[PDB]
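# What the coordinates show
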There are 2 protein chains.
Amino acid sequence: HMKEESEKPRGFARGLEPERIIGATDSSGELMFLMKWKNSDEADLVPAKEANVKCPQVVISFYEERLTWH
Amino acid sequence: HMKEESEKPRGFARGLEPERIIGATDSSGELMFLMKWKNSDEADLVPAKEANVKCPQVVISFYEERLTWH
């Protein structure tokens, strides 16, 4: 956020439209998502905080598959 | 949606502000959430479709605890 670019774009910064999340992790506490990109094979990790707001519908859709209500 | 009220309000219709989801299930395919209500002990189930749009931030927050990335 402060200066993710500077030389190379990453995640949403890349500009690529998020098709559907296909990954999840965490840097050191905050959750993460390996967001997918339209017409782009190579994806990119995006902070859970950024995804769960810029793409609420998308992130929510992802959980559906990787749920665990049992 | 067609006429949930008619005589008695349920879920978001009640008007109560959703504090934090504390439940999840499914009628017959579509996921569900036992949405909580501000200054209200008695909660109420709300369709996943309604919650994952009217309260994206809330629903997303709920998954955080009930995750399963492993």
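Residues numbered from 1 in each chain as written, not as in the entry; some residues may be left out. Chains lettered and ligands numbered in written order. Heavy atoms only, no water.

As stated in the entry header, the method of structure determination is solution NMR.

For these two chains of identical sequence, chain A goes onto chain B by a turn of 180 degrees and a shift of 0.0 Å along the axis, with RMSD 0.0 Å. Here the transformation between the copies is reduced to the relation of a two-fold axis. Looking at the rotation axis and the C-alpha trace of chain A, the residue lying nearest is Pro56(A), at 2.9 Å. When the interface residues of chain A are mapped onto chain B, 100% of them are again interface residues, pointing to one common binding face. (Least-squares fit on C-alpha atoms. Contact = heavy atoms within 4.5 Å.)

Let's shift gears to the nonpolar core. Ranked by internal contacts, the top residues of the largest apolar core, which has 28 residues, are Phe33(A), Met35(A), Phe33(B) and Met35(B). At the level of secondary structure, the elements contributing two or more residues to this core comprise β2 (31–33), α1 (48–54) and α2 (56–65) of chain A together with β2 (31–33), α1 (48–54) and α2 (56–65) of chain B. When neighbours within four sequence positions are excluded, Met35(A) is seen to be in contact with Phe12(A), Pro18(A), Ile21(A), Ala43(A), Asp44(A), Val46(A) and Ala51(A). (Core = buried A, V, L, I, M, F, W, Y, C linked by side-chain atoms within 4.5 Å. Buried < 20%, exposed > 50% of the residue type's maximum accessible area, 1.4 Å probe, protein only. Helix = DSSP H or I, 4+ residues; strand = E, 2+ residues; numbered from the N terminus.)

Now for the sheet that holds strand β1 (residues 24–26) of chain A. Read from one edge to the other, the open sheet built from three strands follows the order β1-β2-β3 (chain A), with strand pairing classed as antiparallel. Lying at the two open borders of the sheet, with one neighbouring strand each, are β1 and β3 (46–47) of chain A. (Pairing = 2+ DSSP bridges.)

To continue, consider the packing of α2(A) against α2(B). At a minimum axis distance of 10 Å, the contact between α2(A) and α2(B) shows a crossing angle of 35 degrees. Judged by the twist between their axes, the crossing of α2(A) over α2(B) is left-handed. Where α2(A) abuts α2(B), its residues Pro56(A), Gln57(A), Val59(A), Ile60(A), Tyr63(A) and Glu64(A) lie against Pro56(B), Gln57(B), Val59(B), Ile60(B), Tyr63(B) and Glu64(B). Partitioned by chemical class, the residues of the contact of α2(A) with α2(B) number eight nonpolar, two polar and two charged. (Axes fitted to C-alpha atoms, helices over the stretch in contact; angles between N-to-C directions. Left-handed = near helix turned anticlockwise from the far one by under 90°. Nonpolar A, V, L, I, M, F, W, Y, C, P; charged D, E, K, R; others polar.)

Two numbers describe a pair of aromatic rings. These are the distance of the centres and the angle of the planes. All names here are of chain A. Taken as a whole, this structure holds 13 aromatic pairs over all chains when the rule is applied. Between the aromatic rings of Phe33 and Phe62, the centroid separation amounts to 6.4 Å while the plane-to-plane angle is 75 degrees, which identifies the pairing as edge-to-face. With a gap of 29 residues between them, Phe33 in strand β2 and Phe62 in helix α2 connect regions that are remote in the sequence. No difference in accessibility class separates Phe33 from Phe62, as the two residues are buried. Judged by centre distance (5.9 Å) and plane angle (90 degrees), the rings of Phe33 and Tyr63 are edge-to-face. Remark: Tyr63 occurs in helix α2 and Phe33 occurs in strand β2; sequence separation between them is 30 residues. Note on accessibility: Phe33 and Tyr63 belong to one class, buried. (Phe/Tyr/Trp six-rings, centres within 6.5 Å; stacked < 30°, edge-to-face > 60°.)

What follows concerns the pattern of salt bridges. Summed over the entire model, instances satisfying the criterion amount to six salt bridges over all chains. A salt bridge links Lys49(A) to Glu30(A), with the shortest nitrogen-to-oxygen separation between them at 2.8 Å. Remark: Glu30(A) occurs in the loop between β1 and β2 and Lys49(A) occurs in helix α1; sequence separation between them is 19 residues. By relative accessible area, which is 37% here, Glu30(A) ends up partly exposed. The partner of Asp44(B) in a salt bridge is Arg14(B), and the shortest N-O contact between them spans 2.9 Å. (Salt bridge = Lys/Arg side-chain N within 4 Å of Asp/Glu carboxyl O.)

With respect to the secondary-structure elements, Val59(A) resides in helix α2. You can call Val59(A) buried: its relative accessible area is 0%. On a C-alpha basis, the gap between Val59(A) and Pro18(A) in space is 10.0 Å, while along the polypeptide they are 41 residues apart. Not counting residues within four places of it along the chain, the set of residues in contact with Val59(A) comprises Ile21(A), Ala51(A), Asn52(A) and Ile60(B).

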